[PDB]
Amino acid sequence: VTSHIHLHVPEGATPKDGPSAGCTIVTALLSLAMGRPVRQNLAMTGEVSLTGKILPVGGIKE
Amino acid sequence: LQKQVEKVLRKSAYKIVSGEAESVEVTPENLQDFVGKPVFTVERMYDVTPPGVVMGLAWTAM
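So the protein lines, in turn, are chains F and A. Per PDB author numbering, the very first residue in the first sequence carries number 836; after that it's consecutive. Per PDB author numbering, the very first residue in the second sequence carries number 712; after that it's consecutive.
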């Protein structure tokens, strides 16, 4: 709630698929809130809906 | 819908030429192996609306 934060999201993703990283961001912040490193060898993609529901994303195969 | 029906007809033609089937009597049970599995499964985002979220109708460009 009270901490100025800077996040770097590497570029390359087409803007249409950019929101697919939103879910990631969430957990990242959560980790930085409790200092628990995210479990290694874990991938995740999805779009957050401001309430928790995750929307489908394209480019699943690539 | 035009794209999907064109895909189904193309696969029917291919099966008629290659598969040598005289005719294609398409039924939903067969449909799964022509177009694949359904991309859309849930009509709405929220089947049940949690607090603070409300669905509203929008007149968009398309």
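Even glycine gets a Cβ: it sits at the ideal position worked out from N, Cα and C.
Query                                                                                                                                                                      : Result
Residues of chain A with CB under 8 Å from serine 855(F), in chain order?                                                                                                  : Going along chain A, no residue has its Cβ under 8 Å from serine 855(F), so there is no contact; the nearest lies around 16 Å.
Could you tell me which residues DSSP puts in a beta bridge with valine 716(A)?                                                                                            : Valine 716(A) is not bridged to any residue.
By the criterion of Cβ-Cβ separation under 8 Å, what are the contact partners of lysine 888(F) in chain A?                                                                 : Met756 and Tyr757
Output needed for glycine 894(F): all residues of its chain with C-beta closer than 6 Å, excluding positions within five of it in sequence on either side, in chain order. : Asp852
What three-state label does DSSP hand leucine 864(F) in the structure shown?                                                                                               : helix
Can you grab the Cα-Cα spacing for the pair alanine 769(A) / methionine 756(A), in whole Å?                                                                                : 15 Å
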